[PDB]
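A.B. asks: To kick things off, part of the complex as it is:
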Amino acid sequence: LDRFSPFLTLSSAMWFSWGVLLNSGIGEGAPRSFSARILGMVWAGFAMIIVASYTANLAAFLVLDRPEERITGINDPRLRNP
Amino acid sequence: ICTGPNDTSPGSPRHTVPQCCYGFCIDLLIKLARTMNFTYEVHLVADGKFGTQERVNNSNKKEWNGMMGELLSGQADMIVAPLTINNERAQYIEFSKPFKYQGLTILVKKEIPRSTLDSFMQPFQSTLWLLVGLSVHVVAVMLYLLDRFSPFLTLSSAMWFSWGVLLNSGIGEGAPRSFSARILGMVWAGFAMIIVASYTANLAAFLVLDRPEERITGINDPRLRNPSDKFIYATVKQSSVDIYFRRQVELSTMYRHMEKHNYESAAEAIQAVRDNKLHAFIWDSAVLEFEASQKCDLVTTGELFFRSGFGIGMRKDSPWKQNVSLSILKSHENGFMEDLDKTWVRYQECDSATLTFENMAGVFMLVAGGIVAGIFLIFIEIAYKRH
């Protein structure tokens, strides 16, 4: 889109996308086309969604990590059925 | 066409008014009359109480009252009602096969969540907010305090940089210059991230596991076990639930609460529960479940207990018993009672998404307040420009 714009190389676009995925803040990859900028904006919103989902899923994974299932004495269901 | 007392309230003349009755029991009786042909004359009992063995003011006499007082005295020939079967009722009259299996349970008014205006700032204490604000102001001023006297950043620039770095926005594009200011800015950015991460974590903790009163664990609930003044829980006076509560010995302390508060009929009890006058209503599972289906703001939560069935009773000896039992069993066998359950019990409107608009309308209110205060801010800026 920038190359075919009516009025940033491939590596610069790649680094723009990578800085979108992870919030390094390097920037320096501002696109010149209107559609390019709006797509970068929406892709940054989607990257926020992805990283937020990552954080939420990691939290859900690490809040419950109990495979031991400690025996609750003689009242444990496993005792009833050996 | 069913004749009944006009006023349920005691102390009023109970004129026999010919209302019309319909529903589950009426349709069942019509089906029974269609099976074996017999003309029926339906009437309501004078007293709304179901009927229990009660010691009248005249001593040395046990008397049956209510609809069973009607039936045993010869004033009735057959009863069709959601009547719970128990030992006392089985002693004096014979019951047919149950037409609806159910049990006792607890109905409570559902506590709808309430969202306050300070939901967004709820996780942090007001003292914490004041402390972090004062820290923000003092560090923001001392940025340019240190930077100004550096031969090797101004008020507005340092202020906006502070807000941007604490705010994850970047409003202040001016940057610190001295090495001490650089280290200070990095540490302040780290502290800002720590604050925002802890605040997100506290939102996560507060939002989840949000239930002020978990549930009632049937009758074995310790809060239900111990009577209290605030926890006012009741049931219909002089009914099967009262007999079950009285007869079984261990539950008798619960019975001590019963006589303190009772209601004449189920309608009054459910109205009191809706009006928050009662904390819990003990009643049959079918009736309470249907009410919860209809009254969508009330929920049945107690574990099902005292399993029994509604039965249609008659006198001690009656030629109908074998035949009516056979017919009702046949109706159970085929697809008839299912049709009644679908068309009189099953249908419902709501029985019961997170973070709705009403949940944190405070954030939108704050944005609107900022919008409407922007005119005041620009007026102040213009006035400052005048000076």
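C.D. replies: Cool, the structure landed. Numbers count the residues shown, from 1 in each chain, chains lettered A, B, ... in the order given.
A.B. asks: Could you pull up the residues touching residue A:53?
C.D. replies: Contacts were defined as C-beta atoms under 8 Å, 6 or more residues apart in numbering or on different chains; by that measure residue A:53 touches no other residue. Where you see a C-beta, it was placed from the backbone N, CA and C, and this is true even at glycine.
A.B. asks: in the host helix or strand of it, what's buried?
C.D. replies: With elements delineated by DSSP states H and E, residue A:53 resides in helix A:34-63, which encompasses its position. By neighbour count on 16 or more other C-beta atoms under 10 Å in any protein chain shown, the buried set for helix A:34-63 is A:36, A:40, A:44, A:47.
A.B. asks: Same list, the residues you listed, but as JSON lines with distance to residue A:56 please.
C.D. replies: Converted to JSON lines, the buried residues of helix A:34-63 look like this (distance: C-beta to C-beta, whole Å):
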{"residue": "A:36", "distance to residue A:56": "30"}
{"residue": "A:40", "distance to residue A:56": "24"}
{"residue": "A:44", "distance to residue A:56": "19"}
{"residue": "A:47", "distance to residue A:56": "15"}
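A.B. asks: which residue sits closest to residue A:16, ignoring its sequence neighbours?
C.D. replies: residue A:29 (3.0 Å; C-beta to C-beta, 6 or more residues apart in numbering or on different chains).
A.B. asks: which SS class is the one you found?
C.D. replies: coil (DSSP: H, G, I helix; E, B strand; the rest coil).
A.B. asks: Likewise for the one 3 residues further on?
C.D. replies: Put simply, residue A:32 is coil when judged by three-state DSSP.
A.B. asks: How many neighbouring residues does it have?
C.D. replies: As a burial measure, residue A:32 scores 12 neighbours (other C-beta atoms under 10 Å in any protein chain shown).
A.B. asks: any idea how far it lies from residue A:8?
C.D. replies: 7 Å (C-beta to C-beta, to the nearest Å).
A.B. asks: attach chain C to the model above:
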Amino acid sequence: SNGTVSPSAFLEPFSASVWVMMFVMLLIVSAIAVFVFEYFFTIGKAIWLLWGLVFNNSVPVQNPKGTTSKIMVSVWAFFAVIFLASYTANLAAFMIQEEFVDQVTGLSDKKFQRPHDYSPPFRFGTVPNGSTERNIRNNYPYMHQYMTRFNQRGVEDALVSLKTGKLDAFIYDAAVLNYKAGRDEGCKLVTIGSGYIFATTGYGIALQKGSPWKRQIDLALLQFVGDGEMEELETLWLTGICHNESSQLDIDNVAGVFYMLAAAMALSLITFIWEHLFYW
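C.D. replies: Let me put chain C in with the others:
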């Protein structure tokens, strides 16, 4: 079922009306508010700046030159960070929420009613010489005729057939099936309708016609059920470990986000083409 139904992603966290309202009208009003502050520089640039600072950090855009506009964008960014934190917390809570599914509900389902009009024939049956078979024959003769092909021998045979997969459904007494499901390991077997019961009958103690023991037996049973012995007997015998009690999410859970992004760059491409034709 192998995979239980997954509750919808990013629909429960925020209401759709909230979605559209705080993605359209609040932004439009704030853009009009900030443009007049900047004027006293461009509507589009202010809109892009505010939209960029809505979600998170991006490539720096020219900052407003008015102090009141800076105050406005700061108080917006406060709402932005609370939006991010709330969007993390609500997905966390939705991960915490459980999930369940039922393959079929009720006996009047078309799968049972007409097993023929399906590419795989539906496998259901029951042990003969029982009350369930007689009830099925008396109510639906076609169901009995169809199930005679997929007949069973015993309860354990039916359970192992369901476990292996030779049979899909097993109709039998509600109490026996409930007990088997409760005692079953792994809880791979479940009742339809969450305890749905059709015949709603009971177990009775048969007696000779006119037997003198009928009245005494009935009175004893009523006394036992009124004194609650049925309750602890049921807990001792009929209690099941399965009843009365999502570590990771796959690609399909977030597939809606990916498809929305797909439509997003599709719209971006068509906007690019439209701009080129408009310039032409």
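A.B. asks: In light of the added chain C, please revisit the buried residues of helix A:34-63.
C.D. replies: Of the residues in helix A:34-63, those scored as buried under the neighbour-count criterion (16+ other C-beta under 10 Å) are A:34-49, A:51-53, A:55-57, A:59-60.
A.B. asks: Run the angle between it and helix A:10-21 for me.
C.D. replies: Angle between the axes of helix A:34-63 and helix A:10-21 is 40 degrees (criterion: axes from the mean of the first three to the mean of the last three C-alpha atoms, to 10 degrees).
A.B. asks: re earlier: chain B next: which of the buried residues of helix A:34-63 are close?
C.D. replies: Applying C-beta under 8 Å from any C-beta of the partner chain, the subset of the buried residues of helix A:34-63 adjacent to chain B comprises residue A:59.
A.B. asks: which residues sit in contact with the closest residue to chain B within chain A?
C.D. replies: In chain A, no residue comes nearer to chain B than residue A:59, which is 6.9 Å away by C-beta to the nearest C-beta. When contacts are counted by C-beta under 8 Å, 6+ apart, residue A:59 is found next to B:204, C:92, C:95.
A.B. asks: is the helix or strand harbouring the second one anywhere near chain A?
C.D. replies: Translated: residue C:92. Assessed by DSSP H and E, residue C:92 sits inside helix C:67-96. Yes: residues of helix C:67-96 are located near chain A by C-beta under 8 Å from any C-beta, namely C:84, C:87, C:88, C:91, C:92, C:95, C:96.
A.B. asks: Skip ahead from that helix and say which helix or strand is next.
C.D. replies: Where DSSP H and E defines the elements, the next helix or strand beyond helix C:67-96 is helix C:110-113.
A.B. asks: Residue C:40 and chain A: what is the separation?
C.D. replies: Between residue C:40 and chain A the computed distance is 27 Å (C-beta to the nearest C-beta, to the nearest Å).
A.B. asks: now the closest residue to that residue other than its chain neighbours: how far from residue C:64?
C.D. replies: When the adjacent residues along the chain are set aside, residue C:40 lies closest to residue B:378, with 6.4 Å between them (C-beta to C-beta, 6+ apart). Residue B:378 sits 12 Å away from residue C:64 when distances are taken as C-beta to C-beta.
A.B. asks: Sequence for chain D below, add it please:
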Amino acid sequence: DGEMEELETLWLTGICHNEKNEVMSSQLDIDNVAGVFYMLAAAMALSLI
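C.D. replies: So, slotting chain D in with the rest:
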């Protein structure tokens, strides 16, 4: 024969024996954040020095 446990959980039992059954959702106090506050104060002091 096990009657003792039943009798003590019918008579000797209490309501305060849950001991691990409260959600206890709460906020963050001043002293909890005082640690990072003191770290920030030390950072300011070392910046000055």
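A.B. asks: Could you re-examine the contacts of residue A:53 with chain D now present?
C.D. replies: For residue A:53, the contact set (C-beta under 8 Å, 6+ apart) comprises C:91, C:249, C:254, C:257.
A.B. asks: same thing with residue C:81?
C.D. replies: B:167, B:168, B:196.
A.B. asks: tell me the phi and psi of the second one?
C.D. replies: When you say that, I think you mean residue B:168. Main-chain dihedrals, residue B:168, degrees, to the nearest 10: phi 60, psi 40.
A.B. asks: Quick check: residues of the stretch 151-280 of chain C near chain B?
C.D. replies: Proximity of the stretch 151-280 of chain C to chain B (C-beta under 8 Å from any C-beta) is limited to residues C:198-202, C:218-219, C:222-223, C:225-228, C:230-231.
A.B. asks: Can you select the buried ones from the contacts of residue A:53 in ChimeraX?
C.D. replies: Applied in ChimeraX, the following selects the buried portion of the contacts of residue A:53 according to 16+ other C-beta under 10 Å:
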select /C:91,249,254
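A.B. asks: what about the single nearest residue of chain A relative to chain D, distance to residue C:170?
C.D. replies: Chain A approaches chain D most closely through residue A:74 (9.5 Å), counting by C-beta to the nearest C-beta. If you measure residue A:74 against residue C:170 using C-beta to C-beta, the figure is 33 Å.
A.B. asks: What about residue C:256, how many residues nearby?
C.D. replies: Residue C:256: 13 surrounding residues under other C-beta under 10 Å.
A.B. asks: Please determine how far it is located from residue B:194.
C.D. replies: For residue C:256, the distance to residue B:194 under the criterion C-beta to C-beta works out to 33 Å.
A.B. asks: just residue C:182 next, same as before
C.D. replies: Distance of residue C:182 to residue B:194, computed by C-beta to C-beta: 49 Å.
A.B. asks: Quick check: nearest residue in space to residue C:67, chain neighbours excluded?
C.D. replies: Excluding the flanking residues, the one nearest residue C:67 by C-beta to C-beta, 6+ apart is residue B:381, at 5.9 Å.
A.B. asks: close to chain B, is the biggest helix by length in chain D?
C.D. replies: Longest helix in chain D, counting residues (DSSP state H): helix D:30-48. Yes: residues of helix D:30-48 contacting chain B under C-beta under 8 Å from any C-beta: D:30, D:33, D:36, D:37, D:39, D:40, D:43, D:44, D:47, D:48.
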